[PDB]
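First comes the structure, then the notes that go with it.
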Amino acid sequence: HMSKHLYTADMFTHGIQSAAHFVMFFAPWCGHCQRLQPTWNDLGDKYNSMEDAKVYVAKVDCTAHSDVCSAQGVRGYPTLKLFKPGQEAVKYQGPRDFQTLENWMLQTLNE
């Protein structure tokens with residue numbers, strides 16, 4: 001369930017410079033991260049396949065890429081960041097249900 005929408009370090013570095021990304025930094029031992037996996041998969045399934053996609057939904061396993069999580073100043077798990085090419089990243093804080101996540105992502109995209 002956590003295998004879906006996983007990015008490599010290289011995919012992350014280039015992806016966040018090519019298009020908007022809502023990225024989940026997580027750990028397999030993170031209980032909140034586990035419960036969030038199915039919602040994040042739905043978000044990815046809906047948006048990552050869209051034609052002419054303006055946003056992409058991805059994951060970075062911190063236990064696989066500690067160097068990436070360190071560089072992103074990750075504090076606590078999961079950490080939800082929206083990256084926009086050129087602009088500065090925004091850490092999401094708030095309820096983690098599908099409707100709220102989607103609405104915040106959409107509002108934050110056009111700012």
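The chains in the structure tokens are called A, B, ... from first to last as shown; in each chain the residues are counted from 1, and the ligands are counted from 1 in the order shown.
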Neighbour list for region 71-79 of chain A as a list in words, cut-off 6 Å, only C-alpha atoms, skip fewer than 3 positions in-chain: residues 24, 25, 26, 33 and 68 of chain A
Region 46-49 of chain A surroundings by only C-alpha atoms, 12 Å radius, close-in-sequence under 4 positions cut, as JSON, numbers by chain: {"A": [4, 5, 19, 20, 21, 22, 39, 40, 41, 42, 53, 54, 55, 56, 57, 58, 98, 102, 105, 106]}
Those same residues, written as a JSON list (two decimals), in the first residue's frame with N, CA and C atoms?
```
[["chain", "number", "residue", "atom", "x", "y", "z"],
["A", 4, "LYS", "N", 2.97, 2.37, -3.63],
["A", 4, "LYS", "CA", 2.39, 3.18, -4.70],
["A", 4, "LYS", "C", 2.87, 4.62, -4.64],
["A", 5, "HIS", "N", 3.18, 5.17, -5.81],
["A", 5, "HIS", "CA", 3.59, 6.57, -5.96],
["A", 5, "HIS", "C", 4.89, 6.92, -5.23],
["A", 19, "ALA", "N", 7.38, 20.25, -12.20],
["A", 19, "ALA", "CA", 5.95, 20.45, -11.98],
["A", 19, "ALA", "C", 5.59, 20.47, -10.50],
["A", 20, "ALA", "N", 4.43, 21.03, -10.18],
["A", 20, "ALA", "CA", 3.96, 21.08, -8.80],
["A", 20, "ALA", "C", 3.81, 19.68, -8.21],
["A", 21, "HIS", "N", 4.33, 19.49, -7.01],
["A", 21, "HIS", "CA", 4.25, 18.20, -6.34],
["A", 21, "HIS", "C", 3.77, 18.34, -4.90],
["A", 22, "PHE", "N", 2.76, 17.54, -4.54],
["A", 22, "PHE", "CA", 2.35, 17.39, -3.15],
["A", 22, "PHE", "C", 3.04, 16.12, -2.66],
["A", 39, "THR", "N", -5.47, 7.10, 1.57],
["A", 39, "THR", "CA", -5.95, 8.41, 1.13],
["A", 39, "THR", "C", -4.98, 9.03, 0.13],
["A", 40, "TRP", "N", -3.69, 8.90, 0.42],
["A", 40, "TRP", "CA", -2.66, 9.46, -0.45],
["A", 40, "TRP", "C", -2.62, 8.72, -1.79],
["A", 41, "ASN", "N", -2.95, 7.43, -1.76],
["A", 41, "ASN", "CA", -3.02, 6.66, -3.00],
["A", 41, "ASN", "C", -4.18, 7.11, -3.88],
["A", 42, "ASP", "N", -5.32, 7.41, -3.26],
["A", 42, "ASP", "CA", -6.47, 7.95, -3.98],
["A", 42, "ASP", "C", -6.14, 9.29, -4.62],
["A", 53, "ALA", "N", -1.49, 17.40, -16.57],
["A", 53, "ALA", "CA", -1.56, 17.53, -15.11],
["A", 53, "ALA", "C", -0.80, 18.74, -14.60],
["A", 54, "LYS", "N", -1.43, 19.49, -13.69],
["A", 54, "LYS", "CA", -0.81, 20.67, -13.11],
["A", 54, "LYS", "C", -0.16, 20.34, -11.77],
["A", 55, "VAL", "N", -0.53, 19.19, -11.21],
["A", 55, "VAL", "CA", 0.01, 18.77, -9.93],
["A", 55, "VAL", "C", 0.23, 17.26, -9.92],
["A", 56, "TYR", "N", 1.23, 16.82, -9.17],
["A", 56, "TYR", "CA", 1.52, 15.40, -9.02],
["A", 56, "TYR", "C", 1.60, 15.03, -7.55],
["A", 57, "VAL", "N", 1.18, 13.82, -7.23],
["A", 57, "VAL", "CA", 1.15, 13.36, -5.84],
["A", 57, "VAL", "C", 2.13, 12.20, -5.65],
["A", 58, "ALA", "N", 3.08, 12.37, -4.73],
["A", 58, "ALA", "CA", 4.18, 11.42, -4.59],
["A", 58, "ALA", "C", 4.54, 11.15, -3.14],
["A", 98, "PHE", "N", -9.45, 13.04, 2.74],
["A", 98, "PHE", "CA", -9.31, 13.28, 1.31],
["A", 98, "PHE", "C", -9.81, 14.66, 0.87],
["A", 102, "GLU", "N", -7.42, 17.56, -0.66],
["A", 102, "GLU", "CA", -7.64, 17.97, -2.04],
["A", 102, "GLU", "C", -7.90, 19.46, -2.14],
["A", 105, "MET", "N", -4.78, 21.56, -1.40],
["A", 105, "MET", "CA", -3.85, 21.44, -2.52],
["A", 105, "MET", "C", -4.29, 22.34, -3.67],
["A", 106, "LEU", "N", -5.57, 22.28, -4.00],
["A", 106, "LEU", "CA", -6.12, 23.07, -5.11],
["A", 106, "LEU", "C", -6.05, 24.57, -4.85]]
```
Of the listed residues A:86, A:103, A:96, A:62, that which approaches residue 30 (chain A) most closely, counting only C-alpha atoms: A:62
Backbone DSSP call of strand (DSSP E or B) for chain A, listed as a PyMOL selection string: chain A and resi 6+20-26+55-61+79-83+90-92
Those same residues - N, CA, C and O atoms - I'd like them written as a PDB file, in the first residue's frame.
```pdb
ATOM      1  N   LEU A   6       5.720   5.911  -4.974  1.00  0.00           N
ATOM      2  CA  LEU A   6       7.039   6.142  -4.392  1.00  0.00           C
ATOM      3  C   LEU A   6       7.987   6.784  -5.399  1.00  0.00           C
ATOM      4  O   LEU A   6       8.043   6.379  -6.560  1.00  0.00           O
ATOM      5  N   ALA A  20       4.430  21.035 -10.176  1.00  0.00           N
ATOM      6  CA  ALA A  20       3.960  21.076  -8.796  1.00  0.00           C
ATOM      7  C   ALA A  20       3.810  19.676  -8.214  1.00  0.00           C
ATOM      8  O   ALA A  20       3.243  18.787  -8.843  1.00  0.00           O
ATOM      9  N   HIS A  21       4.332  19.486  -7.010  1.00  0.00           N
ATOM     10  CA  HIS A  21       4.251  18.197  -6.337  1.00  0.00           C
ATOM     11  C   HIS A  21       3.767  18.338  -4.895  1.00  0.00           C
ATOM     12  O   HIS A  21       4.290  19.148  -4.129  1.00  0.00           O
ATOM     13  N   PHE A  22       2.761  17.545  -4.539  1.00  0.00           N
ATOM     14  CA  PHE A  22       2.355  17.389  -3.150  1.00  0.00           C
ATOM     15  C   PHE A  22       3.036  16.119  -2.660  1.00  0.00           C
ATOM     16  O   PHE A  22       2.644  15.017  -3.039  1.00  0.00           O
ATOM     17  N   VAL A  23       4.065  16.268  -1.832  1.00  0.00           N
ATOM     18  CA  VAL A  23       4.899  15.125  -1.460  1.00  0.00           C
ATOM     19  C   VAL A  23       4.756  14.706   0.001  1.00  0.00           C
ATOM     20  O   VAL A  23       4.854  15.527   0.914  1.00  0.00           O
ATOM     21  N   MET A  24       4.527  13.413   0.205  1.00  0.00           N
ATOM     22  CA  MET A  24       4.449  12.835   1.536  1.00  0.00           C
ATOM     23  C   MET A  24       5.787  12.210   1.929  1.00  0.00           C
ATOM     24  O   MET A  24       6.205  11.210   1.350  1.00  0.00           O
ATOM     25  N   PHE A  25       6.461  12.813   2.904  1.00  0.00           N
ATOM     26  CA  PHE A  25       7.665  12.223   3.479  1.00  0.00           C
ATOM     27  C   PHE A  25       7.261  11.355   4.663  1.00  0.00           C
ATOM     28  O   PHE A  25       6.678  11.847   5.629  1.00  0.00           O
ATOM     29  N   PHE A  26       7.558  10.062   4.585  1.00  0.00           N
ATOM     30  CA  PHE A  26       7.047   9.119   5.575  1.00  0.00           C
ATOM     31  C   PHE A  26       8.077   8.094   6.042  1.00  0.00           C
ATOM     32  O   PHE A  26       9.217   8.062   5.570  1.00  0.00           O
ATOM     33  N   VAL A  55      -0.530  19.194 -11.209  1.00  0.00           N
ATOM     34  CA  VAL A  55       0.009  18.768  -9.926  1.00  0.00           C
ATOM     35  C   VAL A  55       0.228  17.258  -9.920  1.00  0.00           C
ATOM     36  O   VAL A  55      -0.479  16.515 -10.599  1.00  0.00           O
ATOM     37  N   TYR A  56       1.230  16.817  -9.170  1.00  0.00           N
ATOM     38  CA  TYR A  56       1.521  15.398  -9.025  1.00  0.00           C
ATOM     39  C   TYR A  56       1.600  15.034  -7.551  1.00  0.00           C
ATOM     40  O   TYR A  56       2.030  15.839  -6.724  1.00  0.00           O
ATOM     41  N   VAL A  57       1.178  13.818  -7.225  1.00  0.00           N
ATOM     42  CA  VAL A  57       1.155  13.360  -5.842  1.00  0.00           C
ATOM     43  C   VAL A  57       2.133  12.204  -5.649  1.00  0.00           C
ATOM     44  O   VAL A  57       2.023  11.175  -6.313  1.00  0.00           O
ATOM     45  N   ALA A  58       3.084  12.374  -4.734  1.00  0.00           N
ATOM     46  CA  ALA A  58       4.183  11.425  -4.594  1.00  0.00           C
ATOM     47  C   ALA A  58       4.544  11.153  -3.140  1.00  0.00           C
ATOM     48  O   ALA A  58       4.049  11.818  -2.230  1.00  0.00           O
ATOM     49  N   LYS A  59       5.420  10.173  -2.939  1.00  0.00           N
ATOM     50  CA  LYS A  59       5.907   9.812  -1.613  1.00  0.00           C
ATOM     51  C   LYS A  59       7.426   9.701  -1.624  1.00  0.00           C
ATOM     52  O   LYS A  59       8.016   9.292  -2.624  1.00  0.00           O
ATOM     53  N   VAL A  60       8.055  10.059  -0.508  1.00  0.00           N
ATOM     54  CA  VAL A  60       9.478   9.805  -0.315  1.00  0.00           C
ATOM     55  C   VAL A  60       9.708   9.060   0.998  1.00  0.00           C
ATOM     56  O   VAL A  60       9.538   9.620   2.081  1.00  0.00           O
ATOM     57  N   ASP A  61      10.079   7.789   0.890  1.00  0.00           N
ATOM     58  CA  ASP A  61      10.388   6.974   2.058  1.00  0.00           C
ATOM     59  C   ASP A  61      11.693   7.432   2.710  1.00  0.00           C
ATOM     60  O   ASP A  61      12.778   7.234   2.161  1.00  0.00           O
ATOM     61  N   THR A  79       5.314  14.159   6.947  1.00  0.00           N
ATOM     62  CA  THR A  79       5.433  15.572   6.617  1.00  0.00           C
ATOM     63  C   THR A  79       4.906  15.797   5.205  1.00  0.00           C
ATOM     64  O   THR A  79       5.355  15.154   4.256  1.00  0.00           O
ATOM     65  N   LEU A  80       3.941  16.701   5.079  1.00  0.00           N
ATOM     66  CA  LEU A  80       3.294  16.964   3.800  1.00  0.00           C
ATOM     67  C   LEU A  80       3.706  18.327   3.242  1.00  0.00           C
ATOM     68  O   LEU A  80       3.388  19.365   3.820  1.00  0.00           O
ATOM     69  N   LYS A  81       4.416  18.314   2.120  1.00  0.00           N
ATOM     70  CA  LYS A  81       4.895  19.545   1.501  1.00  0.00           C
ATOM     71  C   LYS A  81       4.402  19.676   0.068  1.00  0.00           C
ATOM     72  O   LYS A  81       4.393  18.702  -0.686  1.00  0.00           O
ATOM     73  N   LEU A  82       3.997  20.887  -0.299  1.00  0.00           N
ATOM     74  CA  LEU A  82       3.632  21.189  -1.675  1.00  0.00           C
ATOM     75  C   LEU A  82       4.731  22.013  -2.332  1.00  0.00           C
ATOM     76  O   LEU A  82       4.982  23.150  -1.940  1.00  0.00           O
ATOM     77  N   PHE A  83       5.389  21.435  -3.332  1.00  0.00           N
ATOM     78  CA  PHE A  83       6.471  22.121  -4.029  1.00  0.00           C
ATOM     79  C   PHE A  83       5.963  22.748  -5.317  1.00  0.00           C
ATOM     80  O   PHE A  83       5.233  22.117  -6.077  1.00  0.00           O
ATOM     81  N   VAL A  90       5.605  24.725   0.710  1.00  0.00           N
ATOM     82  CA  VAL A  90       4.684  24.991   1.807  1.00  0.00           C
ATOM     83  C   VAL A  90       4.320  23.701   2.527  1.00  0.00           C
ATOM     84  O   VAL A  90       3.774  22.777   1.923  1.00  0.00           O
ATOM     85  N   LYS A  91       4.629  23.640   3.817  1.00  0.00           N
ATOM     86  CA  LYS A  91       4.278  22.477   4.625  1.00  0.00           C
ATOM     87  C   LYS A  91       2.804  22.501   5.011  1.00  0.00           C
ATOM     88  O   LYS A  91       2.318  23.481   5.571  1.00  0.00           O
ATOM     89  N   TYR A  92       2.092  21.422   4.707  1.00  0.00           N
ATOM     90  CA  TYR A  92       0.687  21.336   5.078  1.00  0.00           C
ATOM     91  C   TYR A  92       0.532  20.964   6.544  1.00  0.00           C
ATOM     92  O   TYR A  92       1.235  20.092   7.055  1.00  0.00           O
TER      93      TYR A  92
END
```
Backbone DSSP call of helix (DSSP H, G or I) for region 6-82 of chain A, listed as a VMD selection string: chain A and resid 9 to 18 31 to 47 66 to 71
Keeping only C-alpha atoms, write the selected residues to a file as a PDB file, in the first residue's frame.
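The result, written out as selection-v2.pdb:
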```pdb
ATOM      1  CA  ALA A   9      15.756  10.585  -4.743  1.00  0.00           C
ATOM      2  CA  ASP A  10      16.539  11.438  -8.365  1.00  0.00           C
ATOM      3  CA  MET A  11      12.831  11.531  -9.292  1.00  0.00           C
ATOM      4  CA  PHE A  12      12.186  13.914  -6.397  1.00  0.00           C
ATOM      5  CA  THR A  13      14.991  16.351  -7.240  1.00  0.00           C
ATOM      6  CA  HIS A  14      13.951  16.696 -10.882  1.00  0.00           C
ATOM      7  CA  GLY A  15      10.203  16.383 -10.327  1.00  0.00           C
ATOM      8  CA  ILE A  16       9.859  19.349  -7.988  1.00  0.00           C
ATOM      9  CA  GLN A  17      11.598  21.505 -10.602  1.00  0.00           C
ATOM     10  CA  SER A  18       9.439  20.284 -13.488  1.00  0.00           C
ATOM     11  CA  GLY A  31       1.516   4.830  12.526  1.00  0.00           C
ATOM     12  CA  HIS A  32      -0.040   8.016  11.167  1.00  0.00           C
ATOM     13  CA  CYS A  33       1.804   7.467   7.886  1.00  0.00           C
ATOM     14  CA  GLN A  34       0.262   3.991   7.625  1.00  0.00           C
ATOM     15  CA  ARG A  35      -3.309   5.211   8.107  1.00  0.00           C
ATOM     16  CA  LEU A  36      -2.694   7.965   5.549  1.00  0.00           C
ATOM     17  CA  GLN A  37      -1.449   5.631   2.781  1.00  0.00           C
ATOM     18  CA  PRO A  38      -4.851   4.754   1.255  1.00  0.00           C
ATOM     19  CA  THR A  39      -5.947   8.410   1.134  1.00  0.00           C
ATOM     20  CA  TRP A  40      -2.662   9.460  -0.450  1.00  0.00           C
ATOM     21  CA  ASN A  41      -3.023   6.658  -2.999  1.00  0.00           C
ATOM     22  CA  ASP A  42      -6.470   7.952  -3.979  1.00  0.00           C
ATOM     23  CA  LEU A  43      -5.036  11.457  -4.373  1.00  0.00           C
ATOM     24  CA  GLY A  44      -2.290  10.058  -6.576  1.00  0.00           C
ATOM     25  CA  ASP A  45      -4.626   7.863  -8.606  1.00  0.00           C
ATOM     26  CA  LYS A  46      -6.869  10.825  -9.376  1.00  0.00           C
ATOM     27  CA  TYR A  47      -4.208  13.412 -10.204  1.00  0.00           C
ATOM     28  CA  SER A  66      17.432   9.937   4.706  1.00  0.00           C
ATOM     29  CA  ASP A  67      19.557  12.459   2.808  1.00  0.00           C
ATOM     30  CA  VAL A  68      16.477  13.824   1.025  1.00  0.00           C
ATOM     31  CA  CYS A  69      14.423  14.129   4.212  1.00  0.00           C
ATOM     32  CA  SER A  70      17.329  15.809   5.964  1.00  0.00           C
ATOM     33  CA  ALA A  71      17.642  18.320   3.120  1.00  0.00           C
TER      34      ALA A  71
END
```
